[PDB]
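# Commentary on secondary and tertiary structure
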Amino acid sequence: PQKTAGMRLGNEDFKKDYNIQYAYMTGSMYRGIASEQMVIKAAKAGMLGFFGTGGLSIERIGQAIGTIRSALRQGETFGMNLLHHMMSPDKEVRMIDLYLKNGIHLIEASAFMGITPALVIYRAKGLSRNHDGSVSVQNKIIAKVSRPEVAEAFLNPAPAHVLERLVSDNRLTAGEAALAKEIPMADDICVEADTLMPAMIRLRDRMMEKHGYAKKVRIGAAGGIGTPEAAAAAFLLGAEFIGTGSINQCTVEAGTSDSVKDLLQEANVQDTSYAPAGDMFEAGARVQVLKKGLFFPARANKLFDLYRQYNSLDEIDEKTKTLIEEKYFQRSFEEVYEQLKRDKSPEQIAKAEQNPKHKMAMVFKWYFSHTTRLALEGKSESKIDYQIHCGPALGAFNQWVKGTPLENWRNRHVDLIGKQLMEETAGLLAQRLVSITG
Amino acid sequence: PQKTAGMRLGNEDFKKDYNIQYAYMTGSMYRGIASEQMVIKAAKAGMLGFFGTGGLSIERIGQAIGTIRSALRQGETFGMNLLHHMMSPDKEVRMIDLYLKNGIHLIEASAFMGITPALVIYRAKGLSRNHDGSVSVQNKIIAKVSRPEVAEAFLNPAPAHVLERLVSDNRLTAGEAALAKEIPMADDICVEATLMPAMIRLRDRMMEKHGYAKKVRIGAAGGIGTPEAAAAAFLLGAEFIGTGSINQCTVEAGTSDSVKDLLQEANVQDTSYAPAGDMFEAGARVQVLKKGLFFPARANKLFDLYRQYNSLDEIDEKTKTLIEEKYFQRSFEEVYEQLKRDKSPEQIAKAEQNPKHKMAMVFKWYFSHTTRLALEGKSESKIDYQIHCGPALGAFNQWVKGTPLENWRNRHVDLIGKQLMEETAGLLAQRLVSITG
Ligand SMILES: Cc1cc2nc3c(=O)[nH]c(=O)nc-3n(C[C@H](O)[C@H](O)[C@H](O)COP(=O)(O)O)c2cc1C
Ligand SMILES: Cc1cc2nc3c(=O)[nH]c(=O)nc-3n(C[C@H](O)[C@H](O)[C@H](O)COP(=O)(O)O)c2cc1C
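Residues numbered from 1 in each chain as written, not as in the entry; some residues may be left out. Chains lettered and ligands numbered in written order. Heavy atoms only, no water.

The deposited coordinates, according to the entry record, derive from X-ray crystallography at 2.300 Å resolution.

## Observations concerning the overall build of chain A
On a plain count of helices and strands, chain A comes out with 20 helices and 12 strands. At 23 Å, chain A has a C-alpha radius of gyration in line with the 22 Å of a compact globule built from 438 residues. Principal-axis analysis of the C-alpha atoms places the extent of chain A at approximately 70 × 60 × 40 Å. Each of the 438 residues in chain A was classed as buried or not, and the buried ones make up 53%. For chain A, the exposed area adds up to about 19,600 Å²; of that, 49% sits on carbon and sulfur atoms. Computed over 55 positive and 52 negative side-chain charges, the separation of the two mean positions in chain A equals 2 Å. (Helix = DSSP H or I, 4+ residues; strand = E, 2+ residues; numbered from the N terminus. Rg over C-alpha atoms; globule rule 2.2 N^0.38 Å. Buried < 20%, exposed > 50% of the residue type's maximum accessible area, 1.4 Å probe, protein only. Areas by Shrake-Rupley, 256 points an atom, 1.4 Å probe, with all protein chains shown as cover. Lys, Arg positive; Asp, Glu negative; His and termini not counted. Charge placed at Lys NZ, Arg CZ, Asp CG, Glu CD.)

## Digging into the sheet that holds strand 9 (residues 218-222) of chain A
All names here are of chain A. Ordered in space as 1-2-3-4-7-8-9-10, the eight strands form a closed barrel in which the pairing is parallel. On average, each strand axis in the sheet is tilted by 25° relative to the strand beside it, whichever way the strands run. The pairing of strand 4 (residues 106-110) with strand 7 (residues 140-145) spans five bridges and is classified as parallel. Pairing of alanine 109 across the sheet is with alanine 143, part of strand 7. (Pairing = 2+ DSSP bridges. Axes fitted to C-alpha atoms, helices over the stretch in contact; angles between N-to-C directions.)

## A word on the UniProt feature "binding site: FMN" (unreviewed entry) in chain B
Residue and element names in this part refer to chain B. This chain's UniProt record puts "binding site: FMN" (unreviewed entry) on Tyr30, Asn81, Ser110, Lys144, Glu192, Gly223, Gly244 and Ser245. The subset of the named residues that lines the second largest cavity consists of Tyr30. Take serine 110: it is sitting in strand 4 (residues 106-110). Judged by its relative accessible area of 6%, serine 110 falls in the buried class. Every residue in contact with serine 110, bar those within four places of it in the chain, is listed here: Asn81, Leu82, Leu83, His84 and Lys144. Positionally, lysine 144 belongs in strand 7 (residues 140-145). (UniProt positions renumbered as here; feature names shortened; annotations may be inferred. 1 Å grid on protein atoms, 1.4 Å probe; cavity = no way out; pocket = protein on both sides within 12 Å on 5 of 7 lines; lining within 4 Å. Contact = heavy atoms within 4.5 Å.)

## Concerning the packing of helix 7 (residues 148-155) of chain A against helix 10 (residues 197-211) of chain A
All names here are of chain A. One way to put it is that helix 7 packs onto helix 10 with a least axis distance of 10 Å and a crossing angle of 30°. It follows from the interaxial angle that helix 7 and helix 10 lie roughly parallel. Helix 7 and helix 10 meet at a crossing whose hand is right-handed. Every residue of helix 10 that contacts helix 7 at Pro148, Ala151, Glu152 and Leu155 is listed here: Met200, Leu203, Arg204, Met207, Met208 and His211. (Parallel < 35°, antiparallel > 145°, perpendicular 65-115°, else oblique. Left-handed = near helix turned anticlockwise from the far one by under 90°.)

## Overview of unusual backbone geometry
Residues and elements named next belong to chain B. If you check the backbone angles, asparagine 19 has positive phi at about 50° while not being a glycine. When you line up the elements, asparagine 19 lands in the loop between helix 2 (12-17) and strand 1 (24-26). Despite not being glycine, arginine 31 shows a phi value in the positive range, around 50°. Take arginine 31: it is sitting in the loop between strand 1 and helix 3 (36-44). For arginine 31, a relative accessible area of 27% corresponds to the partly exposed category.

## Looking at the UniProt feature "binding site: FMN" (unreviewed entry) in chain A
All names here are of chain A. Summarizing the sequence annotation, UniProt attributes the feature "binding site: FMN" (unreviewed entry) to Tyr30, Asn81, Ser110, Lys144, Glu192, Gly224, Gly245 and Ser246 in the numbering used throughout. Narrowing the list just given to those that line the largest cavity leaves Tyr30. Following the sequence through the fold, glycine 245 ends up in the loop between strand 10 (242-244) and helix 12 (246-249). Structurally, the position occupied by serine 246 is in helix 12. Of the residues examined, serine 246 reaches a relative accessible area of 17% and is grouped as buried.

## Quick word on the domain arrangement of chain A
Residues and elements named next belong to chain A. Annotation of chain A at the domain level lists domain 1 (1-267 + 392-438) and domain 2 (268-391). The interface is formed by 23 residues belonging to domain 1 together with 22 residues belonging to domain 2. For the pair domain 1 and domain 2, the summed buried area comes to about 1,700 Å², and 64% of that belongs to carbon and sulfur atoms. When the area that domain 1 buries against domain 2 is broken down by residue, the three leading residues are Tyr30, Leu263 and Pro392, summing to 29%. Where domain 1 packs against domain 2, one counts zero salt bridges. Our enumeration of links across domain 1 and domain 2 arrives at eight residue pairs in polar contact. Within the residue set of the side of domain 1 that touches domain 2, elements represented by two or more residues are helix 12, helix 13 (258-265) and helix 19 (392-401). Along the lines of polarity and charge, the residues of the side of domain 1 that touches domain 2 split into 11 nonpolar, nine polar and three charged. (Domains from an automatic or database assignment. Buried area = accessible area lost by both parts, 1.4 Å probe. Salt bridge = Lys/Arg side-chain N within 4 Å of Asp/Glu carboxyl O. Polar contact = N/O pair within 3.5 Å; in protein donor to acceptor, adjacent residues only side chain to side chain. Nonpolar A, V, L, I, M, F, W, Y, C, P; charged D, E, K, R; others polar.)

## Description of the side chain of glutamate 229 of chain A
Considering the arrangement of structural elements, one finds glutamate 229 of chain A in helix 11 (residues 228-236). Buried within the structure, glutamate 229 of chain A lacks any salt-bridge partner; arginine 201 of chain B is the closest side chain of opposite charge, at an N-O distance of 6.3 Å. Sequence-distant contacts of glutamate 229 of chain A, defined by excluding residues within four places in its chain, comprise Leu428 of chain A together with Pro197 and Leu236 of chain B.

## What about the site of ligand 2?
Residue and element names in this part refer to chain B. Taken together, 18 residues sit near ligand 2, with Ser28, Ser110, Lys144, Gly223 and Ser245 positioned nearest. Interatomic distance of 2.7 Å between a backbone N/O atom of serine 28 and an oxygen atom of ligand 2. In the model, an oxygen atom of ligand 2 is placed 3.1 Å from a nitrogen or oxygen of the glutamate 192 side chain. Relative to its free-state accessible area of 610 Å², ligand 2 is covered by the protein chains to the extent of 88%. For the shell around ligand 2, the elements supplying multiple residues, two or more each, are strand 3 (79-83) and helix 12 (245-248). A class-by-class count of the residues in the shell around ligand 2 yields five nonpolar, 11 polar and two charged. (Near = heavy atom within 4 Å.)

## Describing the sheet that holds strand 3 of chain B
All names here are of chain B. Around the barrel, eight strands lie side by side as 1-2-3-4-7-8-9-10; this closed barrel has parallel pairing. Averaged over neighbouring strand pairs, the angle between their axes works out to 30° when direction is ignored. As paired elements, strand 1 and strand 10 (residues 241-243) share three bridges and run parallel to each other. Bridge pairing in strand 10 links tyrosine 24 to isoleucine 241. Contacts from helix 6 (residues 117-125) reach strand 3, strand 4 and strand 7 within the one sheet, and its direction differs from that of strand 7 by about 145°.

## Details of the pairing of strand 7 of chain B
The side chains of a regular strand alternate, first on one face of the sheet and then on the other. Residue and element names in this part refer to chain B. The buried count for strand 7 comes to six of six residues, which makes it a mostly enclosed element. In this sheet, strand 8 (residues 188-192) lies alongside strand 7 in parallel orientation, the contact comprising four bridges. Its bridge partner lying in strand 8, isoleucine 142 is registered against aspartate 188.

## Some thoughts on empty space enclosed by the protein
For the largest cavity, the calculated volume is near 60 Å³. Around the largest cavity sit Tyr30, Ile33, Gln249, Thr256, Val260, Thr372, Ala375, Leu376, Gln387, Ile388 and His389 of chain A, which together line it. A total of three residues in the lining of the largest cavity trace back to one element, the largest contributor, which is helix 18 (residues 356-376) of chain A. Considered class by class, the residues forming the lining of the largest cavity number six nonpolar, five polar and no charged. What the second largest cavity holds in volume is close to 50 Å³. As for the second largest cavity, its lining consists of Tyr30, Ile33, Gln248, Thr255, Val259, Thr371, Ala374, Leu375, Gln386 and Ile387 of chain B. Residues of the lining of the second largest cavity, tallied by class, amount to six nonpolar, four polar and no charged. Shared between two domains, the lining of the second largest cavity holds at least three residues of each, these being domain 1 (1-266 + 391-437) and domain 2 (267-390) of chain B. (Points joined across faces, edges and corners; volume = space filled by probe spheres on them.)

What follows is the structure, given as structure tokens:
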């Protein structure tokens, strides 16, 4: 049907199920960096886009839904991020409720460690038996995971004790709960690898045998993909669809500042490094960020090293304490904590007043939200503090398109770079088959 | 025709130039772990083998050359490691001199940060002008590198100020130095591991810039222990590949049976990083076998102490007692005295003046000692064995689990090489057909 080589790549049922032309998804990016504009542009070009709900209010998310639906008037598929946080399980439930009320039938579920009541409610709500014997699934889930045991949890049906409970509470009907037993929690697993693939594929096959699901759950890959070569490698290793992230932040459509994008355009492969994440600061979770020309990585790492050794804010020696206040924060510890009193819940403050360790993290965490805010806002002339999440994939992309019309991010459109990546990926793949069988 | 699928992989001129059937090399492994016997077995099977000269005497290396040549009597190609050390600059020069004096026309050049006088001497010596105006290159170099700027240095001709100097000193003739201007430093770059596709563009850029007659190929090494890994490398544009870890666990490898017994049981997750002896101070790290072994933690500890204190005395008596009793089984004083016997007066002199260097020198004993423990079959305590190894071996082990190849005593370096390349070829063709169908 006039479909290009790029469109032939990856699993056919994946493309059919989501009514898309490419086995390709743009991954969520928090605080709307994966913007309404981006999701709309991706949907209209026949690929999968997810809106970045991370760290936005329910009211704001609902506003995003309305805008996207209004612009998508040919039944184009699109998705919403559902980002798990250990501390705020009610935000997730409220997000699901918003999704159910507003027609959201596709989510990217990420950072989950296992299956939650909210996910089960979403998966099972609306389930009905078709006359032809099949299960009518209203609400689809693409689970983004890095760990086999989380993948496995998603390849299994909704756990029975959660269903039983939700039926008791009249959240699900017995019929919905019965139907939920014979389908997996996720329709697709996006394996995020920022060598794991064959293990996940073997795990998938085992789970298909074990449960005898009617429809195969596909396994895709994301992480490190910014070039035709990287994408080709992912498909060789068994990816049945692929996802990108870093390259999409550096486009016209991305919901971040022009200054951020200017920085991102100049990134090379070596220009990123690891730094702690705000929302998982204590645990020691780390994420990749832009390094070249920026102080944030060193500074964020420093604050973790101080949390690590001392047990309170007072314990910090006055010379570094003066460093943090004057250079990092441009604010005193006291000033920060008082600002935090305004923002946070009384319960959280109370918890900090009793615990000097928690009070410390709480104050350092301000740096992360502050620097994120600085980045999103175009304003600061000092770019030195900008927290910018980014992997080497972008660096690779930049080198790929060096000296091209695509070099300037103002000519980079999320749907077009997506298309070109997939078409060139396809050509590269075919070209190699020519080479080795010649 | 009559070439297997495995032999078709990679760049054809790479295979032609080195008169081999596979675009495949076994990497050097120090102290003769890449043994004469291994290099011979690889050469006879139409692949590239490099002898592990690292940490051996010039006399020992010269003896290795003789043994290898005698067994290779059909003009089979083989190579020698040239391992750069910042502080043994004369060993390199003497190694080059030995290579020139003997039949060595191929080296694997590794750990170089840029181009040195010794490398230029090697490259430029044999040079002759061909009748057609082209440069006849006698002495070939495969540069193993991780950094773009080092690769670039190798993709460039011998730097002019080094040539000019060597001519002045009558090490090179003006003719040799002239010819050297129009050929690159290396014939091949083995990129040691997203860097892959980047390096290829850099190569192309350098080809355009200098218009070399022969293309410099770009290959890949690191993490390759299975058909999948090897298939991925070629798909990503590798024009040849090199392996290391999988070869240490073969009959031919020059290390102890007990080391190989440990290696046979390795899984992907059973390795970690530890500092390297020869580049201890700089903070260079290398991958080693971890599971069941104390060496990694202990080697790391010693670096943390070098990092922090500025002398041996400064170490608190409780950790000082740990190191002496458990790590070394010897006192600091006993070690230093042993070192006086071994090392050059010049090195002792430097330690006597500098307490920082004296410390490293003493900690470095641990590395040479544990390396020796591994090479020798003897110690029943395997706990201190320094064994270099990456996850590639773990992957290989899982690949051959429950097969005749499971026992390392049935693992031959040439045969696992062949099998890897043949299966790599089959995997690529079968999957590319599937994926583009
Ligand atoms: C700036 C940025 C923000 C991101 N935010 C989220 C997020 O909020 N939730 C989520 O599940 N993934 C998030 N991701 C991950 C991407 O969706 C995608 O999975 C990942 O970036 C793929 O890795 P790659 O950049 O190497 O292509 C984010 C990535 C970036 C670069
Ligand atoms: C035990 C061992 C010793 C090695 N010794 C050297 C060496 O002396 N000089 C060198 O350039 N590379 C040395 N290497 C690196 C290998 O030549 C090869 O490049 C590398 O192991 C390939 O990575 P892989 O193990 O993932 O296959 C050594 C590797 C191992 C495993």
